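Given as structure tokens, the chain that follows is alone and in the form deposited in one PDB entry.
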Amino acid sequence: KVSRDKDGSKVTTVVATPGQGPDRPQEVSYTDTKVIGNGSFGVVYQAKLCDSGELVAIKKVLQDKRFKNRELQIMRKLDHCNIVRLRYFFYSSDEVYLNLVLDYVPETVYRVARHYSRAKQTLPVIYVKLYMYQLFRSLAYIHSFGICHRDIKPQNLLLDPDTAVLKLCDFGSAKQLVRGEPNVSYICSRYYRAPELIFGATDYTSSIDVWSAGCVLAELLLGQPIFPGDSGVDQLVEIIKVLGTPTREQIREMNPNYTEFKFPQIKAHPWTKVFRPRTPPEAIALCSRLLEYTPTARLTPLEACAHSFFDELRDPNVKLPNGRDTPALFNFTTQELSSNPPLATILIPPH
């Protein structure tokens, strides 16, 4: 149903299923439709809900009538203050397309980081603290269902610039991981791709997203990607220029069934000398505990939230630089704490 309104604006009307709650299709009307993105998956639009005037993203993907949609199924399970809400899905135009209708979120971490790096400055550490902590929160939520995003990268970290709320988005590579069932290795964006994936591992874990997260923290301290690989294997070169060649024991922990890369024995660069001189040590320390070769040695997301780097966040006297209070950082559910319930003592200050 394409019509015009009281003011002659082009209104689209569609029959859409709520994203969460009962499978009960209501009619939905939106206008001001424009393309804000595209990829292999399809197009992303901005539109405005008529009824409420709220802004949304609509991700339009092609749907194999016969195949069921992985991304849809995950989006429908998820409800978290740091994950973008699926409000509705619907279908449209002899091929069938799936449309996901999500909260619009005005900025991303990529676009913010660039503003700074183009002006040769680093994001103040309080912005880095707020963003990383919230990302780890989102990761802990989803990893507690065995869901692994597999494309953690700054362009997929939305933020509201006034509240500093972070919403994880683009579950187009997400997948519930299953011990024993193999996974594609060419996944995740080059720079944020965990080393085991570059080695062809098909039996990895949700700890690949922690690496991805480390690459981002690093990026926000550095002002540029830490591992700027030109190609899939050059990435490994770049990881090695910092971490040095891994032990054989590490290379096993990543992928037991691997192949010959045969690179020169380079020695590990000192961590502190990677970053600029005033870089908070707490930050560099956390960085080190994320960017480990041995996937099982990387912190957990809940573990990462608990790191001393995020102590300033747990200060009662903390405010956003614009004077407003911090978004809800402490209101953990049971599902969120499942991975390690006793960490609640640190993550939840009295106040």
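What we label the rigid core is the largest C-alpha set whose atoms superpose within 1.5 Å from one form to the other. Shifts are known only where both forms have a C-alpha. So that there is no doubt, residue numbering starts at 1 and follows the sequence shown.
What follows is about the form deposited in another entry, which we do not show.
Flagged residue of 43, 318, 297, 285 - C-alpha shift reaching 2 Å or more between the shown form and the other one, core superposed = Only 43 moves by 2 Å or more at its C-alpha.
On a core-based superposition, does residue 262 travel 2 Å or more at its Cα between the shown form and the other one?
-> Result for residue 262: yes, a 2 Å-plus shift.
Note whether the distance between the C-alpha atoms of residue 138 and residue 41 decreases (closer) or increases (farther) in the other entry, against the displayed form; the change is 3 Å or more.
-> Farther apart in the other entry, by 3 Å or more.
Distance direction in the other entry for the C-alpha atoms of residue 41 and residue 132, relative to the displayed form (3 angstroms or more) | Residues separate in the other entry, at least 3 Å farther apart.
Residues present in both forms, rigid core superposed: which consecutive runs of three or more show CA displacements of 2 Å or more between the shown form and the other one?
-> Runs moving 2 Å or more: 39-43, 64-67, 256-264.
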